[PDB]
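Q: Chains as they are written, first to last, in the deposited numbering: chain D, 61 to 275; chain 2, 48 to 92; chain 9, 15 to 106, 113 to 137; chain s, 90 to 119, 140 to 430; chain 5, 31 to 422.
We put the CB at the ideal spot given by N, CA and C, even for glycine.
One structure coming up, written as structure tokens, with questions to follow.
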Amino acid sequence: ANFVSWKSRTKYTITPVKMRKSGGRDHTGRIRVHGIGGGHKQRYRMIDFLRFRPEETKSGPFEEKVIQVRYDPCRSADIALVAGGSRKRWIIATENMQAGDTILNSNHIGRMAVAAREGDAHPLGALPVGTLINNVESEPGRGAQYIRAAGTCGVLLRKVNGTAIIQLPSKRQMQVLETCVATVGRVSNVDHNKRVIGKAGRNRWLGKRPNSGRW
Amino acid sequence: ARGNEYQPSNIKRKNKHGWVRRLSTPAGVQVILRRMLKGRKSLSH
Amino acid sequence: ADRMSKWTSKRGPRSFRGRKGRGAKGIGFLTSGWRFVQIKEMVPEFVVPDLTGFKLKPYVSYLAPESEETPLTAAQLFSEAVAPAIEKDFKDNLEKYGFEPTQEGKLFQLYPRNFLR
Amino acid sequence: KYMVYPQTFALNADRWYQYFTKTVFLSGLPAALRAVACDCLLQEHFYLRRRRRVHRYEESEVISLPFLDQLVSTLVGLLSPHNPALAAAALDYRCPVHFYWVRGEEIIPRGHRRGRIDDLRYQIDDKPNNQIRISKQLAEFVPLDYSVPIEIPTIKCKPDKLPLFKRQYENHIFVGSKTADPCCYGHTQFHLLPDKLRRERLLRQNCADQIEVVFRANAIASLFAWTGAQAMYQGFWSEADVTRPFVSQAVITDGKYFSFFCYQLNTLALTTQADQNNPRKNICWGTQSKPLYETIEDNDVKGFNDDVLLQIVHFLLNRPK
Amino acid sequence: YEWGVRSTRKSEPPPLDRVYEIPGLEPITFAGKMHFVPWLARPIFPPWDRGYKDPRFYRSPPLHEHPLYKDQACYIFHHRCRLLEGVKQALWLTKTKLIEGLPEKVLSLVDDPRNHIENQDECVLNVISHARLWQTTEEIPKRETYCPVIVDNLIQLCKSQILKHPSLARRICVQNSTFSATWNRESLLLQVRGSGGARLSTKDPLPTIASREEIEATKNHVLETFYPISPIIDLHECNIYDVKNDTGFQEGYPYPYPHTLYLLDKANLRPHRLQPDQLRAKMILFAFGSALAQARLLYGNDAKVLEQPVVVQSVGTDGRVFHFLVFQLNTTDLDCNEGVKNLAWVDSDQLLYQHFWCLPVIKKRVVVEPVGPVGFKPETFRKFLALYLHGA
RNA sequence: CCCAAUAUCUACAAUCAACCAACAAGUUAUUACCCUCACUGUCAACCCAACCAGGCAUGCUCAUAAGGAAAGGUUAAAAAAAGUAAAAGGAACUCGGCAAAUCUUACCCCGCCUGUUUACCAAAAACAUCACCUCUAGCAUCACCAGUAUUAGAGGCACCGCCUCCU
RNA sequence: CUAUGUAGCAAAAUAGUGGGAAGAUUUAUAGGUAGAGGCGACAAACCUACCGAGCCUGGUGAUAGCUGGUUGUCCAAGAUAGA
RNA sequence: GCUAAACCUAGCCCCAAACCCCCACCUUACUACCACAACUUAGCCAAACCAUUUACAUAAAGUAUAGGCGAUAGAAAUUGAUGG
Ligand SMILES: [Mg+2]
Ligand SMILES: [Mg+2]
Ligand SMILES: [Mg+2]
Ligand SMILES: [Mg+2]
Ligand SMILES: [Mg+2]
Ligand SMILES: [Mg+2]
Ligand SMILES: [Mg+2]
Ligand SMILES: [Mg+2]
Ligand SMILES: [Mg+2]
Ligand SMILES: [Mg+2]
């Protein structure tokens with residue numbers, strides 16, 4: 061099967077791009093994961109997760125101000141378009157982010173813990189013990205892979221020489237270098253649990269279909 | 048009711064039985080060669 | 015479901031009906047928006063001579079002598095083309117007698133053929 | 090229904106369009142404006158410089174159509190003093206003109222309908238470059254029963270043999286706006302020929318008495334379409350023939366050469382039954398084509414003529430008395 | 031997280047045949063027989079260069095080696111660009127203060143009734159309709175065709191006011207207007223290349239609208255600053271441009287002095303239509319560009335405070351909402367962030383008509399909102415023709 | 001039947017698009033080019049069903065301006081098929097009010113509902129389905145996914161509330 | 001659901017009566033999944049009229065303790081323990 | 001009396017000998033004209049199932065040998081080689 065995956069874009073831009081659904085079909089052509097297909101057409105907004113990325117030929121902590129916090133089909137959380145310097149980025153927003161707010165993004169580990177606003181991005185070591193974080197990264201300068209879903213809080217547990225132990229939402233710990241950049245707060249779209257979809261048609265709209273088999 | 052399984056279409060007919068589709072795989076070249084040997088004057092659809 | 019009859023431009027859907035030519039040469043190229051540009055150079059300009067005063071006709075009288083078939087061969091052409099000049103100049113280094121060593125700087129190349137009948 | 094094209098390459102299409110229209114054609118006739146006209150001519154040709162270089166295939170779309178737009182807009186803007194009609198007028202840029210009529214019958218020559226008699230429908234669609242519509246009808250040129258010695262030429266051959274092709278789409282009568290528009294009557298139309306039909310393309314062709322054919326064909330077809338649509342907007346049609354002559358004017362230009370036409374529709378009864386004996390004819394009253402100027406060298410316009418501009422303003426000065 | 035999955039990039043070239051890395055050997059490759067063969071070595075051919083270069087397959091040299099290439103990054107504002115913060119961003123870029131509401135002088139040029147066009151109210155109403163209900167063969171015309179006619183025939187409606195004064199037939203409407211104005215701001219070399227239409231010019235340039243004692247009364251005002259957004263967001267940062275101002279034409283023109291700029295966001299789909307704020311910002315920048323081009327033509331490229339301020343107008347519209355701007359330039363001196371500023375009076379969100387119904391609205395055959403415009407406000411037209419009349 | 005190259009961009013729906021209300025979230029600046037209309041479809045009573053009361057997307061006419069012919073001639077037997085009418089009685093027929101004529105009511109079992117299924121004997125009390133529960137999984141560039149525990153996959157059950165003698 | 005039809009107009013139709021008909025709907029167009037595999041709102045349902053495992057060619061003249069057959073004239077001997 | 005019934009060769013089978021032969025066309029083949037690659041026979045079938053197993057010059061010799069030592073498989077040394 062001539063299946064060139066759609067995820068072929070290289071340059072970054074805030075404009076939505078044209079998703080092509082898969083239906084569970086992998087590159088060969090066979091149902092690899094049952095229960096996928098159909099549903100509303102969607103476009104993809106390239107949300108950028110390295111929340112500490114300085115613009116071209118600049119450095120040092122930077123401030124950005126939001127513009128809007130809109131629905132996103134692909135995520136479960138609500139993305140936000142942050143403007144800074146001469147650059148716009150899509151970033152996952154936390155619960156209490158309104159249009160017009162401002163957020164700091166720093167890699168500067170202070171002498172001691174700096175009381176951080178509930179949307180800013182700081183290195184793990186820079187935060188105090190007992191706060192809530194999102195968009196954690198496994199290792200520095202990599203990107204956010206851990207907590208990103210809707211309404212998920214990640215507690216910071218402790219710090220030791222060069223590392224920090226954080227608690228993931230699944231009720232278990234993990235170690236990460238203290239220079240890993242996280243965001244303090246709770247991911248947006250809280251109480252997304254309580255979405256009684258009501259009827260099978262909604263499931264079909266989202267993209268799921270009922271599949272018997274799954275040998 | 049059955050019997051009308053052939054809904055003709057030139058694009059499909061030329062795509063799934065044509066000269067280039069045969070020549071795009073060893074099995075197809077074998078098919079063309081069999082039909083060259085048997086004498087056919089309709090090698091490819 | 016017919017595979018014996020020839021395949022020509024009258025057969026497929028719109029796309030096929032358009033793409034397939036009918037043996038006709040091209041004279042130009044498609045530009046943007048399906049606009050066609052013609053090139054005066056790719057259109058064969060016929061070269062017809064002046065037939066006035068010509069003393070030959072489509073046929074030849076039945077009162078003509080016969081002869082033998084003697085096809086022109088490279089030797090026969092060379093014999094009366096350049097040889098006499100050689101012999102005349104043999105009584106006292114080849115391009116002077118019509119030899120053309122290379123065929124890039126002439127309009128009608130002999131091999132490959134860059135001209136037309 | 091046949092698709093009649095006002096701007097047509099077909100040879101001698103003028104007389105064919107006469108037959109389809111029951112129109113006779115008569116050869117003859119029924140201040141710093143020169144400064145502003147030449148200034149618009151220059152500001153579209155040489156003065157105003159484009160960013161992307163001019164190519165000679167859209168030259169009749171970006172250096173000759175704005176020329177007519179400016180000419181008509183300025184003349185209408187400054188001539189409102191001398192004619193209050195233009196003031197509360199309706200100026201339309203590239204608005205569509207459609208007419209749909211029936212003339213003749215033919216016996217279907219093949220199929221499961223052979224022998225059976227069917228009407229010979231026509232359809233004219235036209236994008237006039239500029240047009241001026243008014244709210245009070247103009248004054249007819251000659252009365253409604255102007256018998257003339259000239260007779261409509263007869264085409265014995267089928268319509269197709271002059272390149273003319275059938276099709277089937279919506280049928281549309283349209284003067285430039287729907288029925289509700291008060292400015293339903295019509296005053297003037299300015300047409301710009303595409304480059305296909307221009308002088309130079311037919312100069313590679315080696316005939317002279319065919320250049321005016323395209324002008325005449327464009328005039329006849331487009332003015333008949335417009336006038337007929339005006340008529341049928343008032344309730345008239347073939348079986349209720351118009352009582353008052355309808356009239357309109359057209360200026361047809363290729364960008365350098367101009368011609369003028371004064372058409373007067375008398376009859377819509379063109380069906381075979383309603384044209385049984387109706388001796389009304391439509392009339393055209395066109396002129397030849399003259400050159401507005403000679404050339405545009407650097408900044409002047411050598412040989413700029415004032416007769417053509419005078420005729421244009423003349424046609425714009427008409428009043429609905 | 032890099033962008034671009036591996037399986038979509040060109041390819042890793044196939045591993046080379048080892049015969050090449052034997053120092054004395056010249057391999058046997060299939061270049062002798064002009065066609066691929068899978069049991070020889072893949073050749074290595076010279077990079078092919080066309081002695082000619084056909085136009086249909088030309089490949090431009092990269093942006094670096096163009097003759098007009100400048101190291102410093104210009105910030106152009108051409109038609110499609112859309113300022114993020116909008117009005118105040120344009121103010122900063124132009125060093126001006128937004129004075130809400132049109133100036134009293136022009137708004138007092140229409141209060142007198144003698145500047146009335148015949149049957150004004152009903153004629154503007156039927157012009158609205160003619161543009162929006164009777165224009166084409168379909169029941170509901172679209173914006174791409176009814177945005178331009180509203181303006182292009184409202185100006186014609188007002189243009190019939192020559193009878194009162196024969197000095198009105200002294201101006202023309204032009205299309206295809208391309209004016210380029212380059213200036214500087216805090217070592218940011220900005221340019222504005224306005225390629226639009228619906229501009230009208232005049233022989234006699236417009237008068238100053240603010241007193242010489244009011245242009246100086248702006249120094250006290252502190253030009254607004256936004257943070258952390260740069261003043262160049264959404265501007266086209268280009269290394270290909272020119273330090274050269276052109277008004278869009280050349281020497282010796284009747285009607286050379288611009289009067290008003292009409293801007294037409296006529297795209298059918300909303301996302302291709304500039305928001306209100308973006309539209310006002312576009313108006314401000316285009317007007318300032320025209321004014322600066324005129325100033326450069328009159329005086330030259332010298333940063334200074336103008337003795338004779340040049341004013342321009344602009345109306346931006348989509349078809350039912352109108353924005354009016356009067357912009358008075360008084361300084362070519364712009365590098366500094368203090369001094370004499372230019373003035374900009376703007377009226378926004380001015381509705382010519384609240385809504386339009388093209389087909390009758392029926393609940394139970396009790397038609398409630400019949401065909402036509404609902405919520406017409408002639409005051410928008412009052413201000414429109416006011417801006418038109420000023421400068422007579 | 002198409003398009004010269006490179007960079008830039010390309011945040012806000014569509015619904016008469018304006019009011020309310022939502023969710024399923026819907027090209028240009030530079031460089032190169034002053035060339036013109038060639039080539040093909042164009043017919044018919046037609047195609048897929050071996051020749052055919054079957055199958056066949058869209059636009060427009062909504063009963064026709066277009067298109068057609070249910071009876072080879074006769075007589076008016078039975079049995080058969082379709083239809084119309086019917087005295088009094090009105091389910092006594094029958095496995096059952098199937099068919100037909102008339103239009104109302106009440107309950108009980110099963111399944112929550114709309115939907116899907118055995119192309120060609122079963123459309124259901126089966127499958128699916130919102131809701132709930134259980135099990136597994138700490139995470140890169142070809143599916144799940146350009147996703148990250150309120151997520152993804154695999155299972156059971158089936159919203160919600162209440163519990164683990166007459167005829 | 002009933003009646004007609006059962007080599008029928010049709011290798012599943014016709015006439016009436018019916019369920020849905022802004023949605024988990026219906027549908028034209030090109031592409032994909034290939035046979036112990038695909039697909040499946042699981043019915044062993046469907047994958048070109050016949051699928052508890054497509055179709056074609058080859059091994060293949062498969063094998064068959066089973067069924068059916070086995071061709072001129074005339075004569076003569078010729079039958080029911082058991083392992 | 002119809003229907004029919006009759007015919008010869010067109011060719012072919014097996015040997016011997018000799019080693020055999022203008023244009024368009026891989027895109028939708030038969031279309032004048034633009035930026036990846038190729039390199040162990042399983043099993044029907046016998047063993048009356050089936051599971052190891054089961055065949056692809058003459059002579060020596062169906063011998064040595066192999067084999068649920070069953071069914072079956074099986075050498076070598078040496079010997080000498082135009083016609084119907
Ligand atoms: Mg036709
Ligand atoms: Mg009829
Ligand atoms: Mg009959
Ligand atoms: Mg009969
Ligand atoms: Mg009865
Ligand atoms: Mg149901
Ligand atoms: Mg046997
Ligand atoms: Mg037995
Ligand atoms: Mg005996
Ligand atoms: Mg056996």
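1. Go ahead and label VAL157 (chain 5) buried or exposed: buried means 16 or more other beta carbons lie within 10 angstroms of its beta carbon, across all protein chains shown.
2. What residues of chain 2 sit near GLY26 (chain 9), judged by a beta carbon separation below 9 Å?
3. With contact counted as at least three CB pairs below 8 Å, one residue from each stretch, are the segment 144-155 of chain s and the segment 359-366 of chain s in contact?
4. Chain 9 partners of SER89 (chain 2), CB-CB under 9 Å?
5. For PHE112 (chain D), which residues in the same chain have their Cβ closer than 7 Å to its Cβ, ignoring the five residues on either side in sequence?
6. Hey, is the segment 224-231 of chain 5 in contact with the segment 284-292 of chain 5, meaning 3+ C-beta pairs nearer than 8 Å?
7. Mapping DSSP to helix, strand and coil, what is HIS195 (chain 5)?
8. Considering only the alpha carbon of each residue, which of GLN232 (chain s), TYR231 (chain s) and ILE217 (chain s) lies closest to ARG225 (chain s)?
9. Suppose you measure from the CA of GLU216 (chain 5) to the CA of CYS366 (chain 5); what does that come to, to the nearest Å?
10. Does the count of Cβ pairs from the segment 102-117 of chain D and the segment 140-149 of chain D closer than 8 Å reach three?
11. Would DSSP call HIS300 (chain s) helix, strand or coil?
12. Does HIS164 (chain s) get closer than 9 Å to chain 5 when you measure Cβ to Cβ?
13. For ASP178 (chain s), which three-state DSSP category applies?
14. How about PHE354 (chain 5) and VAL342 (chain 5): do their beta carbons lie closer than 9 Å?
15. Hey, does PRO306 (chain 5) have any beta-carbon neighbour from chain D nearer than 9 Å?
16. In three-state terms, what does DSSP make of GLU124 (chain D)?
17. Let me know the alpha helix (DSSP H) ranges lying completely inside the segment 58-102 of chain 9, each 4 residues or longer, listed in chain order.
18. State buried or exposed for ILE257 (chain D), treating a residue as buried only when at least 16 other CB atoms are found within 10 Å of its CB.
19. Rounded to whole angstroms, what's the CA-CA distance from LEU374 (chain s) to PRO252 (chain s)? Just pull it up for me.
20. Per DSSP, which one or two residues make a beta bridge with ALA102 (chain s)?
21. With DSSP as the reference, label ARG72 (chain 5) as helix, strand or coil.
22. Does ligand 1 have even one heavy atom less than 8 Å from the beta-carbon of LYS24 (chain 9)?
23. Counting only C-beta atoms, is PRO76 (chain 5) closer than 9 Å to chain D at any point?
24. Within the same chain, show all residues whose beta-carbon is closer than 8 Å to that of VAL422 (chain s), passing over the 5 residues directly before and after it, in chain order.
25. For a contact defined as C-beta to C-beta under 9 Å, what are the partners of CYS177 (chain 5) on chain s?
26. Express the C-alpha separation of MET64 (chain 5) and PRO76 (chain 5) in angstroms, rounding to a whole number.
27. Apart from the five residues on each side of it in sequence, which residues of its chain come closer than 6 Å, Cβ to Cβ, to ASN253 (chain D)?
28. Going by DSSP in three states, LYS236 (chain s) sits in which element: helix, strand or coil?
29. Looking at chain 5, is there any beta carbon in it that lies within less than 9 Å of the beta carbon of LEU273 (chain s)?
30. Would you please state the rounded distance, in angstroms, between the beta carbons of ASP251 (chain D) and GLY214 (chain D)? I believe it to be under 8 Å.
31. Could you spell out the range, first to last residue, of the alpha helix (DSSP H) harbouring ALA146 (chain s)?
32. Cutting at 8 Å between CB atoms, please list the residues of its own chain near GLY89 (chain D), excluding the five before and the five after it.
33. With distances taken Cα to Cα, identify the nearest neighbour of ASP178 (chain s) among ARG212 (chain s), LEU195 (chain s), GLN240 (chain s) and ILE264 (chain s).
A: By the coordinates alone:
1. By the Cβ neighbour-count rule, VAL157 (chain 5) is buried, with 16 or more other Cβ atoms within 10 Å of its own.
2. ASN57, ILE58 and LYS61
3. no
4. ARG17 and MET18
5. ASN165, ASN167, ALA181 and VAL241
6. yes
7. coil
8. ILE217 (chain s)
9. The alpha-carbon atoms of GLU216 (chain 5) and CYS366 (chain 5) are separated by roughly 7 Å.
10. Yes, they touch.
11. Annotated three-state conformation of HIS300 (chain s) is strand, per DSSP.
12. no
13. helix
14. no
15. no
16. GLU124 (chain D): strand per DSSP, three-state reduction.
17. 88-95
18. exposed
19. 11 Å
20. For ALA102 (chain s), which the question treats as bridged, DSSP gives no partner whatsoever.
21. coil
22. no
23. no
24. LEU142, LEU184 and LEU188
25. Identification of chain s residues near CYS177 (chain 5) by a Cβ-Cβ cut-off of 9 Å yields none; the smallest Cβ-Cβ distance measures about 13 Å.
26. So the alpha carbons of these two residues sit roughly 15 Å apart.
27. none
28. DSSP places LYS236 (chain s) in coil when its eight states are reduced to three.
29. no
30. Actually they do not touch by this definition, with Cβ atoms about 18 Å apart.
31. 142-154 is the span of the alpha helix (DSSP H), which, as asked, contains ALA146 (chain s).
32. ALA61 and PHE63
33. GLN240 (chain s)
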